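Results of the structural survey
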Amino acid sequence: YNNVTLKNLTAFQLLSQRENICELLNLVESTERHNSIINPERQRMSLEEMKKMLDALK
Amino acid sequence: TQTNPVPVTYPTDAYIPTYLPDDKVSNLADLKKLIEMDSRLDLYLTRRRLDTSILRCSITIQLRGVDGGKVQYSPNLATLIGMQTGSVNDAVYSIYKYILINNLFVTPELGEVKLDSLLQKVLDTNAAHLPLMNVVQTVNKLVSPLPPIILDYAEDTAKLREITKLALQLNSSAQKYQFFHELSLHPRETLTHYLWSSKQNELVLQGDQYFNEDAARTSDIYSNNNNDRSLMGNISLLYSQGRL
Amino acid sequence: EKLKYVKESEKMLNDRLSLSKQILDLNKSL
Amino acid sequence: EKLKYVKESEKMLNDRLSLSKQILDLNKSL
């Protein structure tokens, strides 16, 4: 798995190219890959860390 | 370390995208400032890390402190240096600076020195020219050790790995942005591109299905597959090359 | 300070060699 | 080290002055 092949590159490009067309028709959900990376409680926890760094640096 | 850098498996500081519109982000400049701040601070640290080093019997007792920090000099070399028992590198530097004071090289022309009185006395040689390599080789012979007592009668790697993984996720999100933006501007000649390239990549993935175990031990490749035409047409060529 | 240590220590070492070259005089007259 | 070399240097200066006293002994041994 350390190396890549022509089959691996072609499969990766075909998979990533069919995932992009299925968002126009909305026949795939992809809410998990969205919200596991947005994660708004993690976002406000990080903003609280930035606010605490503003408090500690002033 | 080596003379060349070490290849390694995991990525190391992949790029930051530059094609995102700055009317919405207005933040990649600030992260850029943080990155060159880190590079400047690391430059300072690396420079300072480099520059921080820049019958009657006798009594014989081999002590605890047989130590080469102060090593005994031969008395000829002690007269040439002046110090009593200092060190070995101090001796080499003092001999070389004595040679450099007396202007003996040339006014191999810089290898050969002019042998003077005291230096021939401390080397027990009588040449006029003798190269400096052998002169400083003799220093290893002229020095003897000190006499004993005689009486007679990290987390930073994982953190940078996490930042690299996160920058790769940023690249993925930016490429997925740019696809839909370029489809939004002119949609015709990207949907034709999709219908071409998806078909071509399907043909490329289906270029390998007749090379299995039990798809070649059987007979449904050679017989009756003139629909395929790919192999069993090379046999007019391969016999003519002698391979068989 | 790194300069003003070395520019005095090298003069001290030059004096230590010149004193040996003057001790050369006091063993010729004996 | 901004202390330390100075902690050496004056010491070396004293040795020079001390060697000057030995020079005075060379002015009295003859």
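Here, every reference points to the structure presented above.
Residues numbered from 1 in each chain as written, not as in the entry; some residues may be left out. Chains lettered and ligands numbered in written order. Part of a larger assembly, values for the part shown. Heavy atoms only, no water.

**Topic: the overall build of chain C**
Helices and strands together make up the secondary structure of chain C, namely one helix and zero strands. Surface accessibility of chain C: about 2500 Å² in total, with carbon and sulfur atoms responsible for 56%. Here chain C holds 7 positive side-chain charges and 5 negative ones, and the gap between their average locations is 3 Å. (Helix = DSSP H or I, 4+ residues; strand = E, 2+ residues; numbered from the N terminus. Areas by Shrake-Rupley, 256 points an atom, 1.4 Å probe, with all protein chains shown as cover. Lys, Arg positive; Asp, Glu negative; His and termini not counted. Charge placed at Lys NZ, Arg CZ, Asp CG, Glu CD.)

**Details of the side chain of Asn201 of chain B**
Inspection of the secondary structure assignment puts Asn201 of chain B in helix α7 (residues 188-205). Taking relative accessible area as the criterion, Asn201 of chain B reaches 10% and is therefore assigned buried. Residues in contact with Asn201 of chain B, not counting those within four places in the same chain, are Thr10, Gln13, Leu14 and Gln17 of chain A. (Buried < 20%, exposed > 50% of the residue type's maximum accessible area, 1.4 Å probe, protein only. Contact = heavy atoms within 4.5 Å.)

**A closer look at a negative patch on the surface**
There is a patch of like negative charges on the surface, built from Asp38, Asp42, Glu155 and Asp156 of chain B. Where the negative patch is concerned, the elements lending two or more residues are α1 (28-51) and α6 (155-185) of chain B. (Patch = residues over 30% accessible without salt bridge, like charges linked within 9 Å, V, L, I, M, F, W, Y side chains within 5 Å. Salt bridge = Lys/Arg side-chain N within 4 Å of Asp/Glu carboxyl O.)

**Describing the nonpolar core**
The biggest cluster of nonpolar side chains holds 21 residues, and the ones touching the most others in it are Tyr73, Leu80, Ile95, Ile99 and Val113 of chain B. Setting aside chain neighbours within four positions, we find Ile99 of chain B in contact with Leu104, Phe105, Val113, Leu119 and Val135 of chain B. (Core = buried A, V, L, I, M, F, W, Y, C linked by side-chain atoms within 4.5 Å.)

**Section: the layout of surface pockets**
Regions of empty space are outlined by a rolling probe, equal in size to a water molecule, passed over the atoms. Taken as a whole, the largest pocket spans an internal volume of roughly 2700 Å³. As for the largest pocket, its lining consists of 46 residues, of which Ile163, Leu166, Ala167, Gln169 and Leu170 of chain B are closest to the centre. Elements supplying a minimum of two residues to the lining of the largest pocket: α1 (6-21), α2 (31-38) and α3 (40-56) of chain A together with α1 and α6 of chain B. Take the lining of the largest pocket: its biggest share by element is 13 residues, from α6 of chain B. Here the residues of the lining of the largest pocket are counted per class, giving 21 nonpolar, twelve polar and 13 charged. Taken as a whole, the second largest pocket encloses approximately 720 Å³ of empty space. Around the second largest pocket, the lining comprises 23 residues; the ones closest to its centre are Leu19, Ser20, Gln22, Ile23 and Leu24 of chain C. Of all the secondary-structure elements, those providing two or more residues to the lining of the second largest pocket are α2 (75-81) and α4 (117-123) of chain B, α1 (2-26) of chain C together with α1 (4-26) of chain D. Here the element with the most residues in the lining of the second largest pocket is α1 of chain C; it accounts for seven residues. In terms of residue class, the lining of the second largest pocket is built from eleven nonpolar, nine polar and three charged. (1 Å grid on protein atoms, 1.4 Å probe; cavity = no way out; pocket = protein on both sides within 12 Å on 5 of 7 lines; lining within 4 Å. Points joined across faces, edges and corners; volume = space filled by probe spheres on them. Nonpolar A, V, L, I, M, F, W, Y, C, P; charged D, E, K, R; others polar.)

**Some thoughts on the interface of chain B and chain C**
Each partner contributes residues to the interface: chain B has eleven residues there, and chain C has eight residues. Buried area between chain B and chain C, summed over both chains or domains, comes out near 820 Å², and the portion from carbon and sulfur atoms is 63%. At the boundary of chain B with chain C, the tally comes to zero salt bridges. Across the chain B-chain C interface, the total number found is one residue pair in polar contact. Among the elements that take part in the side of chain B that touches chain C, helix α3 (residues 89-101) of chain B stands out by supplying four residues, more than any other. Grouping the constituent residues of the side of chain B that touches chain C by class yields seven nonpolar, three polar and one charged. (Buried area = accessible area lost by both parts, 1.4 Å probe. Polar contact = N/O pair within 3.5 Å; in protein donor to acceptor, adjacent residues only side chain to side chain.)

**Digging into α3 of chain B**
Between its first and last C-alpha, α3 of chain B extends 18 Å over 13 residues, near the 18 Å set by a 1.5 Å rise per residue. All of the buried residues in α3 of chain B are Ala91, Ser94, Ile95, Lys97, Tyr98 and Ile99 of chain B. Buried residues along α3 of chain B sit in contact with β2 (72-73), α2, α4 and α5 (132-142) of chain B together with α1 of chain C. Positive phi appears at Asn103 of chain B, one or two residues downstream of α3 of chain B, with a value of about 60°. (Expected span 1.5 Å × (residues − 1).)

**Overview of the pattern of salt bridges**
Side chains that differ in sign of charge can pair as their charged atoms come close. Residue and element names in this part refer to chain B. Under the defined criterion, the tally for this structure stands at four salt bridges over all chains. Residue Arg48 pairs with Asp51 through a salt bridge whose shortest N-O separation is 3.7 Å. Note that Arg48 and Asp51 are positioned in helix α1 at a spacing of three residues, about one turn of the helix. Overall, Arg48 belongs to the partly exposed group, its relative accessible area being 38%.

**Some words on the interface of chain B and chain A**
Contacts between chain B and chain A engage 14 residues on the former and 13 residues on the latter. Summing the contributions of chain B and of chain A, the shared interface buries around 1200 Å²; its carbon and sulfur component is 69%. When the buried surface of chain B facing chain A is broken down by residue, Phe180, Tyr194 and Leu205 of chain B rank first, second and third, together holding 42% of it. Here chain B is connected to chain A by zero residue pairs in polar contact. Taken together, the residues of the side of chain B that touches chain A sort by class into seven nonpolar, five polar and two charged.

**Considerations on the packing of aromatic side chains**
Following the criterion strictly, the structure yields three aromatic pairs over all chains and no others. Summarising the aromatic geometry, the rings of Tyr5 of chain C and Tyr5 of chain D are spaced 5.8 Å apart at their centres and angled 15° between planes, so their arrangement reads as stacked. With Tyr5 of chain C in helix α1 and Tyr5 of chain D in helix α1, the pair connects residues from two separate chains. Take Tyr5 of chain C: its relative accessible area is 25%, and that puts it in the partly exposed class. Sitting over the face of the ring of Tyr10 of chain B, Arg161 of chain B holds its NZ or CZ atom 3.9 Å from the ring centroid. (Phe/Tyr/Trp six-rings, centres within 6.5 Å; stacked < 30°, edge-to-face > 60°. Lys NZ or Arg CZ within 6 Å of the ring centre and 35° of its normal.)

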